[PDB]
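First the structure, in the form of structure tokens, and then the observations on it.
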Amino acid sequence: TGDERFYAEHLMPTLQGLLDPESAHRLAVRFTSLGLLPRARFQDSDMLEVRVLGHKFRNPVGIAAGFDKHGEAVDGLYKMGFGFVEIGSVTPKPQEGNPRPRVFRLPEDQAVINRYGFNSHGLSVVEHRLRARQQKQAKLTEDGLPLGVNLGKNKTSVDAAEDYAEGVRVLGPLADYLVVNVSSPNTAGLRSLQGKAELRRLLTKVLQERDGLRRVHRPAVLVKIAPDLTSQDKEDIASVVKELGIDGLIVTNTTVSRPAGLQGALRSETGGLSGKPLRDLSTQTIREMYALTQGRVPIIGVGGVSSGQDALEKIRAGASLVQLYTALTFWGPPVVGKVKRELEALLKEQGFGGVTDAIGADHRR
Ligand SMILES: Cc1nc(Cl)sc1C(=O)Nc1cccc(Oc2ccc(NC(=O)/C(C#N)=C(\O)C3CC3)cc2)c1
Ligand SMILES: Cc1cc2nc3c(=O)[nH]c(=O)nc-3n(C[C@H](O)[C@H](O)[C@H](O)COP(=O)(O)O)c2cc1C
Ligand SMILES: O=C(O)c1cc(=O)[nH]c(=O)[nH]1
Numbered sequence: 032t033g034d035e036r037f038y039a040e041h042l043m044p045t046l047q048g049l050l051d052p053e054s055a056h057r058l059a060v061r062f063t064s065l066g067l068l069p070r071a072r073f074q075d076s077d078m079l080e081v082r083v084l085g086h087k088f089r090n091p092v093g094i095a096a097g098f099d100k101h102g103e104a105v106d107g108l109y110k111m112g113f114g115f116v117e118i119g120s121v122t123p124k125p126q127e128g129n130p131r132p133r134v135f136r137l138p139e140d141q142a143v144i145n146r147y148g149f150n151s152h153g154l155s156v157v158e159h160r161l162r163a164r165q166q167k168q169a170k171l172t173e174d175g176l177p178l179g180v181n182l183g184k185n186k187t188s189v190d191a192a193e194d195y196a197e198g199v200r201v202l203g204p205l206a207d208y209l210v211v212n213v214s215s216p217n218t219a220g221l222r223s224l225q226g227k228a229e230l231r232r233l234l235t236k237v238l239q240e241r242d243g244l245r246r247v248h249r250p251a252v253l254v255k256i257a258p259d260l261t262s263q264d265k266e267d268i269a270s271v272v273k274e275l276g277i278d279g280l281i282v283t284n285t286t287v288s289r290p291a292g293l294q295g296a297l298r299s300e301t302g303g304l305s306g307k308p309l310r311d312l313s314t315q316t317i318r319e320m321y322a323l324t325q326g327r328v329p330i331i332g333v334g335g336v337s338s339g340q341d342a343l344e345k346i347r348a349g350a351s352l353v354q355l356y357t358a359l360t361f362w363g364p365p366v367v368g369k370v371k372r373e374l375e376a377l378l379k380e381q382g383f384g385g386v387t388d389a390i391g392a393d394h395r396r
């Protein structure tokens, strides 16, 4: 399509020349919440439909956490064509995050490095914002367009588990699923909440809080992990997740590694790297987690997805759903239709009836 080329070759490179990445991000959020977005032409095929996490998803392509941190653009994102939307991370109290600049483009690598540090409007602001459209969301969810809420912790917080517990109580009733983000590279000490006995403590408390919500307001609970885990970390996570009955895994967050071959001038900036250089590390982590959980724990695959083939590789590796964030900053909105359309053509070619049949297919052949 000419739409896709025009955004990739002209529109998005123009935006890059005009604005720094954080301004571009804020402008995008503003324009999305106003509904100012091109054609919704591609009507979703039945092949793209997935049933997982106690819900129907019209299509398996979601927007990853971080684009809509404060829940301002949910409806614009469904209009863009995403089959589900995740907001956050949201922290209990408002906070500024790190000083600017904090986000950096690596156009040669199709990569971004960010160190936002959980800038959040806080639970209360986000709660009221989601309450204003709650019934609208209940009809979207019923129509196969679910909402996820990603939870983080405040910087100065003494008690990590309590920050997540507050998030469960406040935003849990408003979410189809919740994400315990234990994998941000940009809050000190946060990533070691991924070691055994302390991860069992934390998730036990989270699941207890969740179980104490009323039935129609009781969301699925997922854990979001980094691509930088040791084999030991991964084995411990799989074990805790099976023992406790966690509903699923999001795989993966951004990486603190800098793979050999990055060209961008800004490659040595502190922060998490996303986009194309993260793609295969993330696919390999999906593959490992799926095998370690015996295919019993639904996985949302994320990291460098920018085409139907990328999405299909994650699905075949064991993802039931996928997300993207960085691709959108290089291709703009038409990237959503592109990934859906290529994913559907590839499923026909490899002889799958729908997305469901492809899930984990690499582990059976
Ligand atoms: C206004 C309008 N009028 C017509 Cl007629 S079509 C159209 C349009 O293209 N709308 C539109 C609206 C919202 C986002 C968008 O595309 C995006 C999506 C994401 C980003 N984000 C970034 O560029 C970006 C960067 N760099 C980031 O998000 C940084 C933080 C990672 C920018 C534009 C495009
Ligand atoms: C600017 C930016 C902000 C992000 N913020 C968050 C966040 O708040 N919480 C979270 O769990 N992930 C966050 N992520 C990670 C994305 O959700 C996704 O896991 C990661 O970027 C890999 O996907 P991608 O390569 O498609 O961008 C962020 C990523 C970027 C680029
Ligand atoms: O806010 C951030 O810095 C952030 C959080 C997160 O989970 N992942 C990421 O790349 N950045």
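Each residue of the sequence shown is one higher than the one before, starting from 32 at the first, in the authors' numbering. Quick reminder that beta carbons are idealized off the backbone N, C-alpha and C, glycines included.
Cutoff 6 Å; reference residue i; Cβ partners in own chain excluding five residues on either side
i    : result
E35  : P365 and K369
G148 : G128, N129 and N217
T314 : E344, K345 and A348
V336 : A342, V353 and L355
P290 : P308
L234 : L275
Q168 : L178
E375 : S76 and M78
Neighbour-count burial assignment, residue i, 16 or more Cβ in a 10 Å radius
i         : result
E197      : buried
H41       : exposed
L49       : exposed
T324      : buried
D51       : exposed
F37       : exposed
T301      : exposed
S155      : exposed
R395      : exposed
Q166      : exposed
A257      : buried
residue 7 : Since the first and last residues shown for the chain are 32 and 396, residue 7 lies out of range.
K379      : exposed
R146      : buried
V333      : buried
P329      : buried
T45       : exposed
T316      : buried
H152      : buried
Reduced DSSP category for residue i - H, G, I as helix; E, B as strand; rest coil
i           : result
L79         : helix
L297        : coil
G93         : strand
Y195        : helix
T45         : helix
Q340        : helix
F37         : helix
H101        : coil
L238        : helix
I277        : coil
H86         : strand
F383        : coil
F62         : helix
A142        : strand
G332        : strand
residue 398 : Given a span of 32 to 396 for the chain in the structure shown, any question on residue 398 remains unanswerable.
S214        : coil
residue 397 : Outside the displayed range of the chain (32 to 396) lies residue 397, so it cannot be described from this structure.
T324        : coil
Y147        : coil
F361        : helix
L176        : coil
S313        : helix
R162        : helix
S188        : coil
Closest Cα partner of residue i within the set the options
i    : options                   : result
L253 : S262, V282 and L244       : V282
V386 : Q47, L224, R310 and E80   : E80
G276 : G153, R241, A163 and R72  : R241
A350 : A322, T357, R372 and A358 : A322
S288 : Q74, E139, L260 and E319  : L260
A71  : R372, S188, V189 and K227 : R372
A206 : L176, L280, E193 and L359 : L176
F135 : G326, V328 and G295       : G295
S262 : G66, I94, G279 and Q225   : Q225
Contacting residues, own chain, Cβ-Cβ under 7 Å from residue i (five flanking each side not counted)
i    : result
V199 : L209, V237, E240 and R241
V367 : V92, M111, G112 and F113
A191 : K184, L224 and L233
Close beta carbons around residue i, own chain, < 8 Å, minus the five adjacent residues each side
i    : result
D311 : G335
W362 : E35, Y38, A39, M43, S337 and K369
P69  : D34, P364 and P365
Proximity test, residue i beta-carbon vs ligand 5 heavy atom, cut-off 7 Å
i   : result
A59 : Ligands in the displayed structure: ligand 1, ligand 2 and ligand 3; ligand 5 is not one of them.
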